[PDB]
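So this first bit is one chain, no partners, the form deposited in one PDB entry, shown in structure tokens.
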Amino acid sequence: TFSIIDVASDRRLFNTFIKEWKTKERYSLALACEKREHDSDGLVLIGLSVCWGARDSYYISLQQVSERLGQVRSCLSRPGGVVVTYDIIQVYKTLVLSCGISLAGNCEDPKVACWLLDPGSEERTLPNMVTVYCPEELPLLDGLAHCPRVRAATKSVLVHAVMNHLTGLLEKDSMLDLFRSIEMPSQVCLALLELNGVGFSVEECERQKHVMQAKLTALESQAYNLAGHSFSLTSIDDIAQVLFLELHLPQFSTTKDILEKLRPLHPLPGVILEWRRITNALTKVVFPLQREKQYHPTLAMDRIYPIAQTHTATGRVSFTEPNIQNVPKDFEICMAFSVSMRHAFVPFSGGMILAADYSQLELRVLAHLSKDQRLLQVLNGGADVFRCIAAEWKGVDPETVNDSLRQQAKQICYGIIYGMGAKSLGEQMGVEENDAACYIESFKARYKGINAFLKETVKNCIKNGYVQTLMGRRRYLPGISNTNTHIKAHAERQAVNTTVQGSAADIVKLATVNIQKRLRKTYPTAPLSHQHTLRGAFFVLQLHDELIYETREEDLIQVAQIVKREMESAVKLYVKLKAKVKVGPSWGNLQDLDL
């Protein structure tokens, strides 16, 4: 019954297809691109194929008129009417960049359902899905020359069948409400983030690169003079020589975090550390971005377009190649220059970067999950828990806690929460093994609800094989009952961390979706992204709790109000989700906006 009839061949047939399509509560949509060139209509994208069910596929050719594209735009932009596509983000970007079509409404992606049912598994290709979840369609795998009219039909029907199976599988696991309402709208928001791209000035990048390269030459001159000869800084053998071979205390694994008893006294290891950061910064941001930089003519600027992965074990969002998330924070260079690779990321003319970062997000989520009344009452009163942790660690007043010293407190807190042992805590605090063990013991005793939550999460993981987040995501950890102690402990730490961190990721995704909905309510006429062609915000980057939006100068205040309200009202918990909003002329130049 596998049919590939072409609806876009007759006027009346196409009209009947459209009128039956607008009433379909759930259909499957597939791209059909004959990519003769690497983002066009009739040259790259050839058409769209549809599938309502019962092994039926209808093809809408975008080749040799525009009324078909107009009606497809009407159907795809809020015709119920859930459209399921394979790799929704790339499909959304292709539709936008080829025809300016925005998928508005309810969208679904079988990859997202497969990753919900097994976050730690491998990213199943569509045939891999048909060979696992829906074996009853294997003979249809033939059809993926490519002939994008047949590959699209086969992909659409297979995606429809696979998503129908995954719908029942999610209903069994009680993830369908989370999948339909939170996971997929977050994917559409990430597609909008990829379409927008983050602004990027080469002029700032060029001057930062020039200063960094001058510093690299100076550092090489120092290192070749500090030791006595001219070695190679990119080969581990040379660093394992001189250091650990002449005077320094230890093949030898010359890496970071051995700063103790090495970086003091002889200053060579500090120079090597600075050289390695600046070199990593260059070769992983500056060079990759200066070759991945693209020119937006309408904005008359340069933009970096990242690619989101979203197949994360804990529910986070990552980015490949450009790695805008991993762009380093500002660091100082002495003769003093300030390498701010984020400062190279800029809004359009007459616009401002707006960044809203969740304040102690995972602490609040852990307080809600554990129902720990102590933590709840501490963090509902406006107190900064990380500041107090740093203060009690160092004995200084909490109001005088450095941001760098607060990062160590954050690391200590989250590590203790997520299974850090006594040796690692001693390393990260400088205290002895016994002192670190007593610190973890008193931490669990003080926050009784948190320790009870950890033990109960481990026990329920052993009983069920999986852990669950605040909004229903399950991660299966078969190693929880493994006989080997190391694997069992790793699975325990992963279980607790997945619970809390996946809950935080769910909260962040829902906050992003709510912000986007409110922004579209407030600015219905604004463009959805920078590739749809001003007013509103644009969501140029996501930092796992932080949302960079790149708003207009006059709309800054209203956008900040909207963003703060939505990030605080995303989910109703026993905690308050205090969001910290900053604005500035650049990503690397942001000032706190107490609004």
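Each form is matched to the other, and the largest set of C-alpha atoms that superpose within 1.5 Å is called the rigid core. In this text, residue numbers run from 1 along the sequence as written.
Just so you know, the form deposited in another entry exists too; it's not on screen, but the next bit is about it.
- Large C-alpha shift between this form and the one not shown, rigid core held fixed: of 348, 319, 244, 305, this applies to 244 alone, with a displacement of 2 Å or more.
- For residue 287, the Cα coordinates differ by under 2 angstroms between this form and the one not shown after the core has been superposed.
- Once you line up the core between this form and the one not shown, the Cα of residue 202 stays within less than 2 Å of where it was.
- The Cα position of residue 228 differs by 2 Å or more between this form and the one not shown after fitting on the rigid core.
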